[PDB]
file run12.pdb (PDB, C-alpha atoms)
ATOM      1  CA  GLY A   1      55.455  -7.073 163.592  1.00  0.00           C
ATOM      2  CA  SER A   2      57.492  -4.852 165.906  1.00  0.00           C
ATOM      3  CA  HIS A   3      59.444  -7.728 167.457  1.00  0.00           C
ATOM      4  CA  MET A   4      61.549  -5.177 169.317  1.00  0.00           C
ATOM      5  CA  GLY A   5      58.497  -3.200 170.377  1.00  0.00           C
ATOM      6  CA  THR A   6      58.398  -4.496 173.938  1.00  0.00           C
ATOM      7  CA  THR A   7      59.690  -1.239 175.410  1.00  0.00           C
ATOM      8  CA  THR A   8      57.672   0.626 172.793  1.00  0.00           C
ATOM      9  CA  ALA A   9      54.562   2.349 174.111  1.00  0.00           C
ATOM     10  CA  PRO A  10      51.693   2.644 171.588  1.00  0.00           C
ATOM     11  CA  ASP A  11      50.504   6.113 170.592  1.00  0.00           C
ATOM     12  CA  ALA A  12      46.958   7.472 170.460  1.00  0.00           C
ATOM     13  CA  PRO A  13      44.964   8.782 167.456  1.00  0.00           C
ATOM     14  CA  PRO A  14      45.328  12.572 166.930  1.00  0.00           C
ATOM     15  CA  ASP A  15      42.313  14.551 168.154  1.00  0.00           C
ATOM     16  CA  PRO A  16      39.300  12.937 166.408  1.00  0.00           C
ATOM     17  CA  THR A  17      36.578  15.030 164.815  1.00  0.00           C
ATOM     18  CA  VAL A  18      32.904  14.734 165.576  1.00  0.00           C
ATOM     19  CA  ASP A  19      31.025  14.614 162.274  1.00  0.00           C
ATOM     20  CA  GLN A  20      27.437  14.646 163.525  1.00  0.00           C
ATOM     21  CA  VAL A  21      25.835  15.828 166.740  1.00  0.00           C
ATOM     22  CA  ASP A  22      22.253  15.061 167.776  1.00  0.00           C
ATOM     23  CA  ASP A  23      20.218  14.381 170.927  1.00  0.00           C
ATOM     24  CA  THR A  24      20.899  10.727 171.579  1.00  0.00           C
ATOM     25  CA  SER A  25      23.632  10.195 168.990  1.00  0.00           C
ATOM     26  CA  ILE A  26      27.037  11.730 168.171  1.00  0.00           C
ATOM     27  CA  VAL A  27      29.641  10.524 165.685  1.00  0.00           C
ATOM     28  CA  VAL A  28      33.375  10.785 166.150  1.00  0.00           C
ATOM     29  CA  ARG A  29      36.225   9.944 163.789  1.00  0.00           C
ATOM     30  CA  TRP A  30      39.799   9.306 164.903  1.00  0.00           C
ATOM     31  CA  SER A  31      43.066   9.029 162.992  1.00  0.00           C
ATOM     32  CA  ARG A  32      44.561   5.711 164.135  1.00  0.00           C
ATOM     33  CA  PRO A  33      48.112   5.523 165.626  1.00  0.00           C
ATOM     34  CA  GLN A  34      51.482   4.552 164.227  1.00  0.00           C
ATOM     35  CA  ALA A  35      51.350   1.766 166.798  1.00  0.00           C
ATOM     36  CA  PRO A  36      49.944  -1.596 165.720  1.00  0.00           C
ATOM     37  CA  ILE A  37      46.925  -1.900 167.993  1.00  0.00           C
ATOM     38  CA  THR A  38      44.527  -4.786 168.693  1.00  0.00           C
ATOM     39  CA  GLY A  39      41.282  -2.863 169.074  1.00  0.00           C
ATOM     40  CA  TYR A  40      39.566   0.239 170.417  1.00  0.00           C
ATOM     41  CA  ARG A  41      37.555   1.043 173.493  1.00  0.00           C
ATOM     42  CA  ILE A  42      35.329   4.086 173.527  1.00  0.00           C
ATOM     43  CA  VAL A  43      33.980   5.645 176.709  1.00  0.00           C
ATOM     44  CA  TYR A  44      31.551   8.469 176.198  1.00  0.00           C
ATOM     45  CA  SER A  45      30.060  10.014 179.269  1.00  0.00           C
ATOM     46  CA  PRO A  46      27.991  13.120 180.184  1.00  0.00           C
ATOM     47  CA  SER A  47      29.806  15.755 182.236  1.00  0.00           C
ATOM     48  CA  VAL A  48      26.682  16.065 184.386  1.00  0.00           C
ATOM     49  CA  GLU A  49      26.401  12.273 184.341  1.00  0.00           C
ATOM     50  CA  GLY A  50      23.714  10.263 182.607  1.00  0.00           C
ATOM     51  CA  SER A  51      24.015   7.721 179.831  1.00  0.00           C
ATOM     52  CA  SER A  52      27.612   6.548 179.404  1.00  0.00           C
ATOM     53  CA  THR A  53      28.846   3.781 177.124  1.00  0.00           C
ATOM     54  CA  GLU A  54      32.028   1.999 176.038  1.00  0.00           C
ATOM     55  CA  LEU A  55      32.061   0.704 172.459  1.00  0.00           C
ATOM     56  CA  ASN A  56      34.583  -1.726 171.054  1.00  0.00           C
ATOM     57  CA  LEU A  57      35.842  -1.055 167.563  1.00  0.00           C
ATOM     58  CA  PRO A  58      38.342  -2.951 165.434  1.00  0.00           C
ATOM     59  CA  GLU A  59      42.008  -1.893 165.530  1.00  0.00           C
ATOM     60  CA  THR A  60      41.509  -0.393 162.082  1.00  0.00           C
ATOM     61  CA  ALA A  61      38.302   1.474 162.927  1.00  0.00           C
ATOM     62  CA  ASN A  62      38.225   5.243 162.699  1.00  0.00           C
ATOM     63  CA  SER A  63      34.753   6.324 163.815  1.00  0.00           C
ATOM     64  CA  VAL A  64      32.093   5.477 166.403  1.00  0.00           C
ATOM     65  CA  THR A  65      28.434   6.372 166.308  1.00  0.00           C
ATOM     66  CA  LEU A  66      27.615   6.960 169.959  1.00  0.00           C
ATOM     67  CA  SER A  67      24.023   6.252 170.805  1.00  0.00           C
ATOM     68  CA  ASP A  68      21.636   6.675 173.741  1.00  0.00           C
ATOM     69  CA  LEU A  69      22.961  10.110 174.686  1.00  0.00           C
ATOM     70  CA  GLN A  70      20.995  12.836 176.439  1.00  0.00           C
ATOM     71  CA  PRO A  71      20.066  16.084 174.579  1.00  0.00           C
ATOM     72  CA  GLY A  72      21.427  19.351 175.936  1.00  0.00           C
ATOM     73  CA  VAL A  73      24.284  17.587 177.672  1.00  0.00           C
ATOM     74  CA  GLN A  74      28.059  17.740 177.511  1.00  0.00           C
ATOM     75  CA  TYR A  75      29.584  14.504 176.274  1.00  0.00           C
ATOM     76  CA  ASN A  76      33.193  13.470 176.710  1.00  0.00           C
ATOM     77  CA  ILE A  77      34.123  10.927 174.049  1.00  0.00           C
ATOM     78  CA  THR A  78      37.199   9.093 175.116  1.00  0.00           C
ATOM     79  CA  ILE A  79      38.888   6.933 172.455  1.00  0.00           C
ATOM     80  CA  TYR A  80      41.235   4.154 173.527  1.00  0.00           C
ATOM     81  CA  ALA A  81      43.674   2.552 171.096  1.00  0.00           C
ATOM     82  CA  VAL A  82      44.253  -0.834 172.677  1.00  0.00           C
ATOM     83  CA  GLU A  83      47.214  -3.065 171.922  1.00  0.00           C
ATOM     84  CA  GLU A  84      47.996  -6.610 173.163  1.00  0.00           C
ATOM     85  CA  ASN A  85      50.346  -5.337 175.850  1.00  0.00           C
ATOM     86  CA  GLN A  86      49.059  -1.868 176.723  1.00  0.00           C
ATOM     87  CA  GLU A  87      46.511   0.863 176.131  1.00  0.00           C
ATOM     88  CA  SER A  88      47.555   4.071 174.386  1.00  0.00           C
ATOM     89  CA  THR A  89      46.819   7.540 175.752  1.00  0.00           C
ATOM     90  CA  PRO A  90      43.126   8.531 175.687  1.00  0.00           C
ATOM     91  CA  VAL A  91      41.365  10.715 173.154  1.00  0.00           C
ATOM     92  CA  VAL A  92      39.218  13.226 174.947  1.00  0.00           C
ATOM     93  CA  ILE A  93      36.869  15.077 172.631  1.00  0.00           C
ATOM     94  CA  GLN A  94      33.914  16.769 174.259  1.00  0.00           C
ATOM     95  CA  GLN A  95      30.786  17.673 172.313  1.00  0.00           C
ATOM     96  CA  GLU A  96      27.524  19.061 173.662  1.00  0.00           C
ATOM     97  CA  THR A  97      24.444  17.382 172.277  1.00  0.00           C
ATOM     98  CA  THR A  98      22.527  20.006 170.321  1.00  0.00           C
ATOM     99  CA  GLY A  99      19.487  17.773 170.299  1.00  0.00           C
ATOM    100  CA  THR A 100      16.689  17.235 167.816  1.00  0.00           C
ATOM    101  CA  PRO A 101      16.729  19.780 164.924  1.00  0.00           C
ATOM    102  CA  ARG A 102      14.265  22.445 166.029  1.00  0.00           C
ATOM    103  CA  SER A 103      13.400  24.873 163.230  1.00  0.00           C
ATOM    104  CA  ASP A 104      16.581  23.881 161.400  1.00  0.00           C
ATOM    105  CA  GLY A 105      16.915  26.377 158.582  1.00  0.00           C
ATOM    106  CA  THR A 106      15.632  29.926 158.280  1.00  0.00           C
TER
END
call {"tool": "encode", "arguments": {"input": "run12.pdb", "output": "structure tokens"}}
result
Amino acid sequence: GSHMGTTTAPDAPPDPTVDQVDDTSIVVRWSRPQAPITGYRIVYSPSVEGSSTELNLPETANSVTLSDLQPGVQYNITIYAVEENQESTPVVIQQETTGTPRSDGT
């Protein structure tokens, strides 16, 4: 719908929450926009550079499991709500990879 949504700019998902953090894997969950969007791009990159990836999720997706990260590294997960005409503002949620559970639990 939104026939008169030509001048309408799509909104982004409110700051998504990372559910799980590991060495080479981090999971993030976003609350999709009021805008009708076509899909999602997801660019997660290390602040010190390293393994970066862009995933493509369905318009109605709300979580990406990022894979092939590097342990002990800062990771910017950037979510992109994409619509036919335009791309909404980016989600930037940065999580440092804690790594493989070492002595997890006293």
call {"tool": "resolve_selection", "arguments": {"input": "run12.pdb", "expression": "the PyMOL selection byres ((chain A and resi 94) around 9)", "output": "PyMOL selection string"}}
result
chain A and resi 18+44+74-78+92-93+95-96
call {"tool": "closest_residue", "arguments": {"input": "run12.pdb", "among": "A:24, A:17, A:34, A:98", "to": "residue 62 in chain A", "atoms": "only C-alpha atoms"}}
result
A:17
call {"tool": "axis_aligned_box", "arguments": {"input": "run12.pdb", "around": "range 21-33 of chain A", "padding_each_side": "8 Å", "output": "JSON"}}
result
{"center_x": 34.2, "center_y": 10.7, "center_z": 167.3, "size_x": 43.9, "size_y": 26.3, "size_z": 24.6}
call {"tool": "resolve_selection", "arguments": {"input": "run12.pdb", "expression": "the PyMOL selection byres ((chain A and resi 51) around 12)", "output": "VMD selection string"}}
result
chain A and resid 23 to 25 43 to 50 52 to 54 66 to 71 73 to 76
call {"tool": "atom_distance", "arguments": {"input": "run12.pdb", "atom1": "CA of residue 6 in chain A", "atom2": "CA of residue 29 in chain A"}}
result
28.3 Å
call {"tool": "atom_distance", "arguments": {"input": "run12.pdb", "atom1": "CA of residue 26 in chain A", "atom2": "CA of residue 88 in chain A"}}
result
22.8 Å
call {"tool": "closest_residue", "arguments": {"input": "run12.pdb", "among": "A:27, A:12, A:64, A:4", "to": "residue 90 in chain A", "atoms": "all atoms listed in the file"}}
result
A:12
call {"tool": "closest_residue", "arguments": {"input": "run12.pdb", "among": "A:9, A:61, A:82, A:55", "to": "residue 42 in chain A", "atoms": "only C-alpha atoms"}}
result
A:55
call {"tool": "resolve_selection", "arguments": {"input": "run12.pdb", "expression": "the PyMOL selection byres ((chain A and resi 32) around 9)", "output": "MDAnalysis selection string"}}
result
chainID A and resid 11:14 30:31 33:35 37 59:62 81
call {"tool": "write_last_selection", "arguments": {"input": "run12.pdb", "atoms": "C-alpha atoms", "output": "PDB file, in the frame of the given file"}}
result
ATOM      1  CA  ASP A  11      50.504   6.113 170.592  1.00  0.00           C
ATOM      2  CA  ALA A  12      46.958   7.472 170.460  1.00  0.00           C
ATOM      3  CA  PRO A  13      44.964   8.782 167.456  1.00  0.00           C
ATOM      4  CA  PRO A  14      45.328  12.572 166.930  1.00  0.00           C
ATOM      5  CA  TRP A  30      39.799   9.306 164.903  1.00  0.00           C
ATOM      6  CA  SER A  31      43.066   9.029 162.992  1.00  0.00           C
ATOM      7  CA  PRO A  33      48.112   5.523 165.626  1.00  0.00           C
ATOM      8  CA  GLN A  34      51.482   4.552 164.227  1.00  0.00           C
ATOM      9  CA  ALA A  35      51.350   1.766 166.798  1.00  0.00           C
ATOM     10  CA  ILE A  37      46.925  -1.900 167.993  1.00  0.00           C
ATOM     11  CA  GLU A  59      42.008  -1.893 165.530  1.00  0.00           C
ATOM     12  CA  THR A  60      41.509  -0.393 162.082  1.00  0.00           C
ATOM     13  CA  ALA A  61      38.302   1.474 162.927  1.00  0.00           C
ATOM     14  CA  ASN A  62      38.225   5.243 162.699  1.00  0.00           C
ATOM     15  CA  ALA A  81      43.674   2.552 171.096  1.00  0.00           C
TER      16      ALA A  81
END
call {"tool": "atom_distance", "arguments": {"input": "run12.pdb", "atom1": "CA of residue 87 in chain A", "atom2": "CA of residue 16 in chain A"}}
result
17.1 Å
call {"tool": "closest_residue", "arguments": {"input": "run12.pdb", "among": "A:106, A:86, A:8, A:20", "to": "residue 63 in chain A", "atoms": "all atoms listed in the file"}}
result
A:20
call {"tool": "closest_residue", "arguments": {"input": "run12.pdb", "among": "A:97, A:103, A:89, A:65", "to": "residue 10 in chain A", "atoms": "all atoms listed in the file"}}
result
A:89
call {"tool": "decode", "arguments": {"input": "run12.pdb", "residues": "range 54-71 of chain A", "atoms": "N, CA and C atoms", "output": "mmCIF file, in the first residue's frame"}}
result
data_model
loop_
_atom_site.group_PDB
_atom_site.id
_atom_site.type_symbol
_atom_site.label_atom_id
_atom_site.label_comp_id
_atom_site.auth_asym_id
_atom_site.auth_seq_id
_atom_site.Cartn_x
_atom_site.Cartn_y
_atom_site.Cartn_z
ATOM 1 N N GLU A 54 27.727 -8.761 4.851
ATOM 2 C CA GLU A 54 26.395 -8.217 4.674
ATOM 3 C C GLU A 54 25.403 -9.354 4.431
ATOM 4 N N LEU A 55 24.462 -9.544 5.347
ATOM 5 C CA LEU A 55 23.423 -10.548 5.146
ATOM 6 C C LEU A 55 22.178 -9.900 4.582
ATOM 7 N N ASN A 56 21.350 -10.699 3.943
ATOM 8 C CA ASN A 56 20.103 -10.215 3.384
ATOM 9 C C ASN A 56 18.947 -10.963 4.015
ATOM 10 N N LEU A 57 18.112 -10.246 4.741
ATOM 11 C CA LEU A 57 17.006 -10.858 5.438
ATOM 12 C C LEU A 57 15.716 -10.378 4.820
ATOM 13 N N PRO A 58 14.645 -11.148 4.961
ATOM 14 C CA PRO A 58 13.339 -10.735 4.479
ATOM 15 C C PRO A 58 12.846 -9.493 5.211
ATOM 16 N N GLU A 59 12.039 -8.713 4.501
ATOM 17 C CA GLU A 59 11.411 -7.486 5.017
ATOM 18 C C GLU A 59 10.806 -7.666 6.410
ATOM 19 N N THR A 60 10.393 -8.879 6.713
ATOM 20 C CA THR A 60 9.700 -9.165 7.957
ATOM 21 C C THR A 60 10.624 -9.876 8.952
ATOM 22 N N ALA A 61 11.914 -9.910 8.647
ATOM 23 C CA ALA A 61 12.883 -10.523 9.540
ATOM 24 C C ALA A 61 13.144 -9.606 10.716
ATOM 25 N N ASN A 62 13.661 -10.154 11.798
ATOM 26 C CA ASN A 62 13.889 -9.364 12.991
ATOM 27 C C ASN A 62 15.121 -9.826 13.753
ATOM 28 N N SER A 63 15.999 -10.587 13.108
ATOM 29 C CA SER A 63 17.201 -11.062 13.780
ATOM 30 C C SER A 63 18.165 -11.736 12.806
ATOM 31 N N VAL A 64 19.441 -11.393 12.910
ATOM 32 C CA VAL A 64 20.482 -12.039 12.116
ATOM 33 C C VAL A 64 21.490 -12.719 13.033
ATOM 34 N N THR A 65 21.881 -13.933 12.675
ATOM 35 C CA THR A 65 22.987 -14.588 13.307
ATOM 36 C C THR A 65 24.248 -14.359 12.476
ATOM 37 N N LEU A 66 25.056 -13.419 12.922
ATOM 38 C CA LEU A 66 26.296 -13.075 12.254
ATOM 39 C C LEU A 66 27.321 -14.147 12.529
ATOM 40 N N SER A 67 28.045 -14.530 11.499
ATOM 41 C CA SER A 67 28.957 -15.644 11.591
ATOM 42 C C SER A 67 30.303 -15.248 11.003
ATOM 43 N N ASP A 68 31.324 -16.045 11.300
ATOM 44 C CA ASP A 68 32.693 -15.775 10.868
ATOM 45 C C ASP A 68 33.168 -14.420 11.393
ATOM 46 N N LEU A 69 33.001 -14.212 12.695
ATOM 47 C CA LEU A 69 33.556 -13.034 13.356
ATOM 48 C C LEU A 69 34.958 -13.357 13.857
ATOM 49 N N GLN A 70 35.572 -12.416 14.549
ATOM 50 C CA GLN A 70 36.863 -12.650 15.167
ATOM 51 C C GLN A 70 36.768 -12.362 16.666
ATOM 52 N N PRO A 71 37.154 -13.334 17.515
ATOM 53 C CA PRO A 71 37.081 -13.197 18.979
ATOM 54 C C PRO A 71 37.952 -12.069 19.522
#
